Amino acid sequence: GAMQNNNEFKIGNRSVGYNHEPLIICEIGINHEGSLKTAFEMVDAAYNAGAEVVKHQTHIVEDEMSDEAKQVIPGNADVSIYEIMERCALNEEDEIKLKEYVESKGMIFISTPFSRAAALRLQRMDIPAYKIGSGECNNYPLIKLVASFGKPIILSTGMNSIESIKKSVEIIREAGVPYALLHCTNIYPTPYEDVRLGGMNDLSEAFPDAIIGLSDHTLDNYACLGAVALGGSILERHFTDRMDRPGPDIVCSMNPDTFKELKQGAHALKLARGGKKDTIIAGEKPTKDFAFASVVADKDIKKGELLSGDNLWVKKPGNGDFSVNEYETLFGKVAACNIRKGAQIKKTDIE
């Protein structure tokens, strides 16, 4: 019920929401492994596959983490999160050229700031919307900062309860910018059984002004396609130009072929989803005309004999004077003439 709404906002010229074509965000993320060259190759692959939006991650490691980060290992790598972010991070000059390049290909560039300095770098660049990752969903100070920039926010909600998300959404509303909530599970990769697509409806019922989507880290497109069937408006998967690239997120990334598959499925499900059972489909009319049943004589019935459940039955097609709906209303009427076995009962056959 709640995901079928008219909520919408714009990311540059692209309208997003239930009544619009679903938007697939290609998250290049840290997939370029810190090489501007590789990022360009991945942008090209995304452009050529028909992508509309390319999303980056903005890492300024010194403002993003304290020295404790050098001693903690993520679940999908074997060195510290600090080492990974330091190796992968693009400096400001390079991130500016990356945005310029994505925009040169007619695509929208957005990014996820992981820190205050990251957020301020992106505001200087003037990006059209901000993604907040699940890690920062409960980082209320960072959300305050980002919301003050006056751009729409796409908030990922993994690792956070409805009540925790509420505090983030209050800050966003107070700032007066529109937002989307992406349901998300941050296990790299995500087992099918942990996706819980019903979480999207949980989010929509709690936050009726939110545009709703899915960010996904499973091995394929099924989860995202399911999210589109349920009403999702934004789909996010990591993206790579090819699956033999190194990096911790490559495994759950889409490539050009699987992007195109998702785009086509998303289009199909956008059209198929929603609507109402009772809507009359013009195209069904011919089928109804032959497939519905009319009342027929099940026996020779003499003039003056009573019609009954023993001498009446129903058969296709639907053009007889009495529809199967009216079968029992004929019980006890009297034959106005001889009625031939197998003939449709006519209005002139009854007194």
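The first residue of the sequence shown is number 1, and the count goes up from there.
Looking at 281 to 289 and 63 to 71 together, the entry lists the larger mean B-factor for 281 to 289, computed on C-alpha atoms. Mean C-alpha B-factor is higher over 6 to 14 than over the other stretch, the pair under comparison being 20 to 28 and 6 to 14.
When the C-alpha B-factors of 325, 38, 57, 319 are read from the PDB record, the largest value belongs to 325.
Take 113, 198, 247, 231 and read off each C-alpha B-factor from the entry; 247 has the highest.
Among all modelled residues in this chain, the alpha-carbon of residue 314 has a temperature factor (C-alpha) in the lowest third. Per-chain ranking of the deposited C-alpha B factor places residue 163 in the highest third. Residue 275: CA B factor in the middle third of modelled residues in this chain (values from the PDB entry). Ranked within its chain, residue 144 lands in the middle third, by CA B factor from the PDB record. Residue 42 sits in the middle third of its chain by CA B factor, as recorded in the PDB entry.
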